[PDB]
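Colleague: Have a look at this one before I ask anything.
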Amino acid sequence: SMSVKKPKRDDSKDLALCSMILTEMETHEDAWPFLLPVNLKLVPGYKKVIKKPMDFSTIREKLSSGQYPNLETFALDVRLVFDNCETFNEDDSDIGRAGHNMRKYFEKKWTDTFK
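Structure follows, in structure tokens:
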């Protein structure tokens, strides 16, 4: 509350550390469904169904231009990528499996870097 604060957790390396995680996600062999925005002209149903599209290149641009206020808003966009994927793709599909795999990969790097 006013004039009453928990000890200051050092967030000065968060930007650099999110960038590293994102580099690792970009270079994963199963990243291909996620590297670029889904083409809303060429994929029937996507525009109407997926209210907030997100992909690694959009996260990269947001990160590089100071559009994440803190490390949690960064994680929320990464999770949005995978939540969108599960919304539109069957689990038993190459893309549905890719999204499960990448979500696991992310959540471990996230825990190991920050928890």
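If you count by PDB author numbering, then the sequence shown holds residues 1856 to 1970, one letter each, in order. Just so you know, even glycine gets a beta-carbon here, dropped at the ideal spot from N, CA and C.
With the cut-off set at 9 Å, would you say residue 1890 and residue 1912 are in Cβ contact?
Modeller: Against a cut-off of 9 Å, the Cβ pair of residue 1912 and residue 1890 comes out as a contact.
Colleague: With a cut-off of 9 Å, does the C-beta of residue 1928 fall near any C-beta of chain D?
Modeller: Absent from the structure is chain D; it holds one protein chain and no more.
Colleague: For residue 1904, count the other beta carbons within 10 Å of its own beta carbon; 16 or more makes it buried, fewer makes it exposed. Which is it?
Modeller: The residue is exposed, with fewer than 16 neighbouring Cβ atoms inside 10 Å.
Colleague: Between which two residues does the alpha helix (DSSP H) containing residue 1810 stretch?
Modeller: The requested residue 1810 does not occur in the structure, where the chain is confined to residues 1856 to 1970.
Colleague: For the alpha helix (DSSP H) that contains residue 1863, what are its first and last residues?
Modeller: No alpha helix (DSSP H) holds residue 1863; DSSP gives it neither H nor E.
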